[PDB]
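Report on one structure; see the data block that follows.
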Amino acid sequence: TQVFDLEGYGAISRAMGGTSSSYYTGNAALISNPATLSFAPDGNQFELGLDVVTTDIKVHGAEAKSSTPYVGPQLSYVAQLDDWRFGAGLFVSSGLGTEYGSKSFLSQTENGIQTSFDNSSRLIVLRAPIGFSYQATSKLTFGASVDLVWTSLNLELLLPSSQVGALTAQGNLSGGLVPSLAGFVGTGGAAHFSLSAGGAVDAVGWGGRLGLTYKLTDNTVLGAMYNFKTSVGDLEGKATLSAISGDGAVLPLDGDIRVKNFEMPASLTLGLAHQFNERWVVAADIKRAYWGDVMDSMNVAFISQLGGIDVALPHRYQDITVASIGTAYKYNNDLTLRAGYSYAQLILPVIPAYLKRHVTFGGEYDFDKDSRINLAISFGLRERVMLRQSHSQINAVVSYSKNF
Ligand SMILES: CCCCCCCCOCCOCCOCCOCCO
Ligand SMILES: CCCCCCCCOCCOCCOCCOCCO
Ligand SMILES: CCCCCCCCOCCOCCOCCOCCO
Ligand SMILES: CCCCCCCCOCCOCCOCCOCCO
């Protein structure tokens, strides 16, 4: 998910700054760099995880806070069969999460009138890969995976007269419902979208992933994996447009939205992992999320009986280059403590921008040598993005790999 595109997935990878390319990082490697999967301890792994995110947004004097938690699964298994590793897992996760609720100015119709409309968002994505890793020459490990993605979303966005007009001017907002709803909303209104068998407003695309590894030294590994842009489908499902008059009179139309071109771009990451001491470990990858390679427009069509409304949004997103280092010491044949960091390189309270800086802590507590527990937590370092607004996330994951 991450509401634009970044790096770092997995219980042990999150802890190491989202490094992943060259080394082992559990079954998440299925959605990271399947080649890496080869390094797995002989046998058949079987992890269970609990990924967790939460954002604290503070938009503005006019305070509007975010919180007023979605926890996702991680059933995965990676069987072995000489030189050949085979895995398949489900990987649920949030990333987009806000709940300003109905009380703040985001709920203030033009003319600062308090509507009782909610302002919230939640994008959930469940990746589900099926791939493999292969040992070709105790130096070359190839691996790839093809996953079924299932995106779901629910919004509670409110737009004041102003920006609805702004959307018109820009040549973004077309419709038919517009003419007619104009003059009822007027320079003092606000429109409001609400998505909640009930469609749910979800989609079902496909994802691709292939990567390699090369033991350059016996203390240096080189890695790379290409990530095909996921082919999500169209987000479809019941929704409710509510023209709100310049004084609070609500006109609710019920129809069905269709979000088109929700892009999750491709990415090529390159990294290494050195171990200049049979205890202390270090990792480092450079990621490239190819956003500039997205030229079409995200289209939000809404259809009711009385008519429709549509918003076009062209992409215009340049490339994102993520650099990230990792590390991991072994307190002993029990504890393993890791810690990494990763620097990455339209105020809209309901969809906060990805953060660039990140600090990550974590460790691993083995207790069987056939069972293990990984624990990671990543800090989204605060950025200050008229409407001043700022936020900072806290991601925490925990997986228990019962080496069968
Ligand atoms: C965008 C998420 C998909 C959910 C559909 C809701 C569609 C509603 O409109 C989103 C448009 O937001 C843009 C802001 O308002 C325009 C302000 O003027 C800015 C000029 O760049
Ligand atoms: C997105 C919600 C739809 C509700 C539309 C009400 C917003 C309309 O505009 C208010 C600004 O007034 C000026 C617009 O021009 C008059 C009619 O609209 C025609 C545009 O093709
Ligand atoms: C050779 C042994 C490993 C020693 C540490 C490796 C550290 C290597 O470099 C990592 C570079 O990436 C992180 C830098 O901070 C981000 C700066 O902006 C750069 C553009 O991507
Ligand atoms: C034997 C080692 C002990 C390590 C335990 C790690 C588990 C401890 O907590 C980590 C932080 O908790 C994360 C999320 O909050 C709990 C929510 O409920 C989740 C399942 O529905």
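Simple scheme: letters A, B, ... for chains in structure tokens order, numbers from 1 for residues in each chain, numbers from 1 for ligands in the order shown.
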Residues near residue A:305, anyone? I mean within 9 Å using only C-alpha atoms, not counting same-chain ones fewer than 4 positions away, as JSON, numbers by chain. {"A": [253, 254, 255]}
Just write the chosen residues, C-alpha atoms, as a PDB file, in the first residue's frame.
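Saved to again.pdb:
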```pdb
ATOM      1  CA  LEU A 253     -28.020  10.997  -4.060  1.00  0.00           C
ATOM      2  CA  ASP A 254     -27.158   7.279  -3.973  1.00  0.00           C
ATOM      3  CA  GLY A 255     -25.256   5.704  -6.823  1.00  0.00           C
TER       4      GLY A 255
END
```
Per residue of chain A within 12 Å of ligand 4, what are the shortest atom pair and its distance in Å to one decimal, counting only C-alpha atoms and all ligand atoms, with rows by chain and residue number, as a Markdown table?
```
| residue | atom | partner | partner_atom_place_in_ligand_line | distance |
| --- | --- | --- | --- | --- |
| A:11 | CA | ligand 4 | 6 (C) | 11.1 |
| A:48 | CA | ligand 4 | 20 (C) | 10.9 |
| A:49 | CA | ligand 4 | 20 (C) | 9.1 |
| A:50 | CA | ligand 4 | 19 (C) | 6.4 |
| A:51 | CA | ligand 4 | 14 (C) | 7.8 |
| A:52 | CA | ligand 4 | 14 (C) | 6.4 |
| A:53 | CA | ligand 4 | 14 (C) | 9.1 |
| A:54 | CA | ligand 4 | 14 (C) | 10.6 |
| A:69 | CA | ligand 4 | 17 (C) | 8.2 |
| A:70 | CA | ligand 4 | 21 (O) | 8.6 |
| A:71 | CA | ligand 4 | 21 (O) | 6.0 |
| A:72 | CA | ligand 4 | 21 (O) | 7.8 |
| A:73 | CA | ligand 4 | 20 (C) | 8.5 |
| A:74 | CA | ligand 4 | 20 (C) | 11.3 |
| A:334 | CA | ligand 4 | 1 (C) | 10.6 |
| A:335 | CA | ligand 4 | 2 (C) | 9.6 |
| A:336 | CA | ligand 4 | 2 (C) | 11.5 |
| A:361 | CA | ligand 4 | 10 (C) | 11.9 |
| A:362 | CA | ligand 4 | 6 (C) | 10.0 |
| A:363 | CA | ligand 4 | 4 (C) | 9.0 |
| A:364 | CA | ligand 4 | 2 (C) | 7.8 |
| A:365 | CA | ligand 4 | 2 (C) | 5.7 |
| A:366 | CA | ligand 4 | 1 (C) | 7.9 |
| A:367 | CA | ligand 4 | 1 (C) | 7.9 |
| A:368 | CA | ligand 4 | 1 (C) | 11.2 |
| A:371 | CA | ligand 4 | 1 (C) | 10.7 |
| A:372 | CA | ligand 4 | 1 (C) | 8.4 |
| A:373 | CA | ligand 4 | 2 (C) | 6.1 |
| A:374 | CA | ligand 4 | 4 (C) | 7.4 |
| A:375 | CA | ligand 4 | 6 (C) | 5.7 |
| A:376 | CA | ligand 4 | 10 (C) | 8.0 |
| A:377 | CA | ligand 4 | 11 (C) | 8.2 |
| A:378 | CA | ligand 4 | 11 (C) | 11.6 |
| A:394 | CA | ligand 4 | 13 (C) | 10.8 |
| A:395 | CA | ligand 4 | 13 (C) | 9.2 |
| A:396 | CA | ligand 4 | 13 (C) | 6.2 |
| A:397 | CA | ligand 4 | 13 (C) | 6.6 |
| A:398 | CA | ligand 4 | 6 (C) | 6.1 |
| A:399 | CA | ligand 4 | 6 (C) | 8.4 |
| A:400 | CA | ligand 4 | 6 (C) | 9.2 |
```
Sort by chain and increasing residue number a table of all residues of chain A within 12 Å of ligand 2, each with its closest pair of atoms and their distance in Å to one decimal, counting only C-alpha atoms and all ligand atoms, and write it as JSON lines.
```
{"residue": "A:110", "atom": "CA", "partner": "ligand 2", "partner_atom_place_in_ligand_line": "10 (C)", "distance": 10.9}
{"residue": "A:157", "atom": "CA", "partner": "ligand 2", "partner_atom_place_in_ligand_line": "1 (C)", "distance": 10.8}
{"residue": "A:158", "atom": "CA", "partner": "ligand 2", "partner_atom_place_in_ligand_line": "1 (C)", "distance": 9.3}
{"residue": "A:159", "atom": "CA", "partner": "ligand 2", "partner_atom_place_in_ligand_line": "1 (C)", "distance": 7.2}
{"residue": "A:160", "atom": "CA", "partner": "ligand 2", "partner_atom_place_in_ligand_line": "7 (C)", "distance": 8.4}
{"residue": "A:161", "atom": "CA", "partner": "ligand 2", "partner_atom_place_in_ligand_line": "10 (C)", "distance": 5.5}
{"residue": "A:162", "atom": "CA", "partner": "ligand 2", "partner_atom_place_in_ligand_line": "11 (C)", "distance": 6.9}
{"residue": "A:163", "atom": "CA", "partner": "ligand 2", "partner_atom_place_in_ligand_line": "7 (C)", "distance": 8.5}
{"residue": "A:164", "atom": "CA", "partner": "ligand 2", "partner_atom_place_in_ligand_line": "7 (C)", "distance": 5.3}
{"residue": "A:165", "atom": "CA", "partner": "ligand 2", "partner_atom_place_in_ligand_line": "11 (C)", "distance": 4.7}
{"residue": "A:166", "atom": "CA", "partner": "ligand 2", "partner_atom_place_in_ligand_line": "11 (C)", "distance": 8.3}
{"residue": "A:167", "atom": "CA", "partner": "ligand 2", "partner_atom_place_in_ligand_line": "1 (C)", "distance": 8.3}
{"residue": "A:168", "atom": "CA", "partner": "ligand 2", "partner_atom_place_in_ligand_line": "20 (C)", "distance": 6.3}
{"residue": "A:169", "atom": "CA", "partner": "ligand 2", "partner_atom_place_in_ligand_line": "20 (C)", "distance": 8.4}
{"residue": "A:170", "atom": "CA", "partner": "ligand 2", "partner_atom_place_in_ligand_line": "21 (O)", "distance": 11.0}
{"residue": "A:171", "atom": "CA", "partner": "ligand 2", "partner_atom_place_in_ligand_line": "21 (O)", "distance": 9.0}
{"residue": "A:172", "atom": "CA", "partner": "ligand 2", "partner_atom_place_in_ligand_line": "21 (O)", "distance": 10.3}
{"residue": "A:173", "atom": "CA", "partner": "ligand 2", "partner_atom_place_in_ligand_line": "1 (C)", "distance": 7.4}
{"residue": "A:174", "atom": "CA", "partner": "ligand 2", "partner_atom_place_in_ligand_line": "21 (O)", "distance": 6.4}
{"residue": "A:175", "atom": "CA", "partner": "ligand 2", "partner_atom_place_in_ligand_line": "21 (O)", "distance": 7.5}
{"residue": "A:176", "atom": "CA", "partner": "ligand 2", "partner_atom_place_in_ligand_line": "21 (O)", "distance": 7.6}
{"residue": "A:177", "atom": "CA", "partner": "ligand 2", "partner_atom_place_in_ligand_line": "3 (C)", "distance": 6.5}
{"residue": "A:178", "atom": "CA", "partner": "ligand 2", "partner_atom_place_in_ligand_line": "5 (C)", "distance": 4.4}
{"residue": "A:179", "atom": "CA", "partner": "ligand 2", "partner_atom_place_in_ligand_line": "18 (O)", "distance": 3.8}
{"residue": "A:180", "atom": "CA", "partner": "ligand 2", "partner_atom_place_in_ligand_line": "17 (C)", "distance": 7.0}
{"residue": "A:181", "atom": "CA", "partner": "ligand 2", "partner_atom_place_in_ligand_line": "5 (C)", "distance": 4.9}
{"residue": "A:182", "atom": "CA", "partner": "ligand 2", "partner_atom_place_in_ligand_line": "8 (C)", "distance": 3.9}
{"residue": "A:183", "atom": "CA", "partner": "ligand 2", "partner_atom_place_in_ligand_line": "10 (C)", "distance": 6.9}
{"residue": "A:184", "atom": "CA", "partner": "ligand 2", "partner_atom_place_in_ligand_line": "6 (C)", "distance": 7.4}
{"residue": "A:185", "atom": "CA", "partner": "ligand 2", "partner_atom_place_in_ligand_line": "6 (C)", "distance": 5.2}
{"residue": "A:186", "atom": "CA", "partner": "ligand 2", "partner_atom_place_in_ligand_line": "10 (C)", "distance": 5.0}
{"residue": "A:187", "atom": "CA", "partner": "ligand 2", "partner_atom_place_in_ligand_line": "11 (C)", "distance": 5.9}
{"residue": "A:188", "atom": "CA", "partner": "ligand 2", "partner_atom_place_in_ligand_line": "10 (C)", "distance": 8.6}
{"residue": "A:189", "atom": "CA", "partner": "ligand 2", "partner_atom_place_in_ligand_line": "6 (C)", "distance": 7.6}
{"residue": "A:190", "atom": "CA", "partner": "ligand 2", "partner_atom_place_in_ligand_line": "6 (C)", "distance": 7.2}
{"residue": "A:191", "atom": "CA", "partner": "ligand 2", "partner_atom_place_in_ligand_line": "2 (C)", "distance": 4.7}
{"residue": "A:192", "atom": "CA", "partner": "ligand 2", "partner_atom_place_in_ligand_line": "2 (C)", "distance": 7.2}
{"residue": "A:193", "atom": "CA", "partner": "ligand 2", "partner_atom_place_in_ligand_line": "1 (C)", "distance": 8.4}
{"residue": "A:240", "atom": "CA", "partner": "ligand 2", "partner_atom_place_in_ligand_line": "2 (C)", "distance": 11.1}
{"residue": "A:241", "atom": "CA", "partner": "ligand 2", "partner_atom_place_in_ligand_line": "2 (C)", "distance": 7.4}
{"residue": "A:242", "atom": "CA", "partner": "ligand 2", "partner_atom_place_in_ligand_line": "2 (C)", "distance": 7.7}
{"residue": "A:243", "atom": "CA", "partner": "ligand 2", "partner_atom_place_in_ligand_line": "4 (C)", "distance": 5.8}
{"residue": "A:244", "atom": "CA", "partner": "ligand 2", "partner_atom_place_in_ligand_line": "4 (C)", "distance": 8.4}
{"residue": "A:245", "atom": "CA", "partner": "ligand 2", "partner_atom_place_in_ligand_line": "6 (C)", "distance": 9.0}
{"residue": "A:246", "atom": "CA", "partner": "ligand 2", "partner_atom_place_in_ligand_line": "10 (C)", "distance": 10.3}
{"residue": "A:250", "atom": "CA", "partner": "ligand 2", "partner_atom_place_in_ligand_line": "4 (C)", "distance": 11.6}
{"residue": "A:251", "atom": "CA", "partner": "ligand 2", "partner_atom_place_in_ligand_line": "4 (C)", "distance": 10.2}
{"residue": "A:252", "atom": "CA", "partner": "ligand 2", "partner_atom_place_in_ligand_line": "2 (C)", "distance": 11.1}
{"residue": "A:253", "atom": "CA", "partner": "ligand 2", "partner_atom_place_in_ligand_line": "3 (C)", "distance": 10.6}
{"residue": "A:300", "atom": "CA", "partner": "ligand 2", "partner_atom_place_in_ligand_line": "1 (C)", "distance": 10.9}
{"residue": "A:301", "atom": "CA", "partner": "ligand 2", "partner_atom_place_in_ligand_line": "1 (C)", "distance": 10.8}
{"residue": "A:302", "atom": "CA", "partner": "ligand 2", "partner_atom_place_in_ligand_line": "1 (C)", "distance": 9.7}
{"residue": "A:303", "atom": "CA", "partner": "ligand 2", "partner_atom_place_in_ligand_line": "3 (C)", "distance": 11.9}
{"residue": "A:307", "atom": "CA", "partner": "ligand 2", "partner_atom_place_in_ligand_line": "3 (C)", "distance": 10.9}
{"residue": "A:308", "atom": "CA", "partner": "ligand 2", "partner_atom_place_in_ligand_line": "3 (C)", "distance": 8.9}
{"residue": "A:309", "atom": "CA", "partner": "ligand 2", "partner_atom_place_in_ligand_line": "3 (C)", "distance": 6.7}
{"residue": "A:310", "atom": "CA", "partner": "ligand 2", "partner_atom_place_in_ligand_line": "1 (C)", "distance": 8.0}
{"residue": "A:311", "atom": "CA", "partner": "ligand 2", "partner_atom_place_in_ligand_line": "1 (C)", "distance": 8.2}
{"residue": "A:312", "atom": "CA", "partner": "ligand 2", "partner_atom_place_in_ligand_line": "1 (C)", "distance": 11.8}
```
A:227, A:269, A:19, A:135 ranked by distance to residue A:360, top pick (using only C-alpha atoms): A:19
Sel. of strand (DSSP E or B) residues, stretch 182-266 of chain A, as a PyMOL selection string: chain A and resi 190-194+202-215+220-227+230+235-244+250-260+264+266
Straight-line distance linking atom CA of residue A:391 with atom CA of residue A:345, stated in Å to one decimal: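 Atom CA of residue A:345 lies 17.5 Å from atom CA of residue A:391.
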